[PDB]
Structure formats: C-alpha cells, structure tokens
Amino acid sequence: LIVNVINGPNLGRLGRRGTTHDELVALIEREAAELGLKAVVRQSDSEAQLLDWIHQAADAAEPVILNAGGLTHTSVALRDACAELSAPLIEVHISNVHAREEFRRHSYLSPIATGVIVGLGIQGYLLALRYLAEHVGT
C-alpha cells in the first residue's frame, strides 16, 4: 500500500542539472495510483534528513525506492540505516552509473538492497513501483 520514494542530494535540480523533480513526483503518484499503491515522495540534500525518512520507513515496515545520489558511493551511515528496513529496498539511478567514472561503479547500498535499477531514466522509478505492487501476493 504505502511506498516511500526518497531522493538524495542534487535530485531537486532535475531538469536543469527536461523532467523536473515536481513532474517526477506527479508521474510517480499517477503510476502508484494506477497500481493501487500510495507513493510518498521526498527529496533532500541533507544526509540527516534522509536518515530520518529511512528510520521512519523502518519503524513502519514500509518499502523504500531510494535514489541516494552521490551518497550511494560514500555513506556508510545511510547504508546502515537502510540495513534496518524489513520491507523491500530498491536502489534506483536515472543514468547508467556503470558508463561513467569508475568511482560510481561501487555502491554501499547495492549489497543490502533487494535489487537495483539503473540507466532506464525516470521510468526506473515507475518500474520499481510495479515490482512492489506485484510483490504483495502471498
């Protein structure tokens, strides 16, 4: 039912870094409604704020779709907060992080996530939602 979509540093800049972050929210919220879900979309440049949203999902046992931006590669604290989630965690990157700098090919999140989607654009979010909708059966 409730799915949390959390975006990390710089993702507020989408469209100027053409879909904007507001349009992304709209797209996600339409998809989720079609799927029978309710998406809660949040973005912050602040690690502490991302931690607090992860903590809340942990306490509520709600899935998470996380695009942690550069913190993917660098934050053990984020990793550790994510390891507490009991529900599914799907890591998303809009670009293909394996076609860029070598340092972007290591993620602290992937090993603890249920799965990862990269390179498929903003549609990656939508596809993550669909996994979570079809992974509510038994």
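Start at 1 with the first residue shown and count on from there.
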For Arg130, do at least a third of the other compared PDB entries give no atomic coordinates? no
Looking across the other entries that model both neighbours, is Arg17 missing in at least a third? yes
What does the record say about the segment between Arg17 and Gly18: how many deposited residues are without coordinates (none, 1 to 3, 4 to 9, 10 or more)? 4 to 9
On average, are the C-alpha B-factors higher in 34-42 or in 49-57? 34-42
Mean temperature factor over C-alpha atoms, higher-scoring stretch between 4-12 and 128-136: 128-136
Could you tell me which one of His73, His93, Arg100, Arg79 shows the highest CA temperature factor in the PDB record? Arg100
Tertile call for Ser86 (CA temperature factor, within chain, third-based) is the highest
When the deposited Cα B-factors of this chain's modelled residues are ordered and cut into thirds, is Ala26 in the lowest, the middle or the highest one? highest
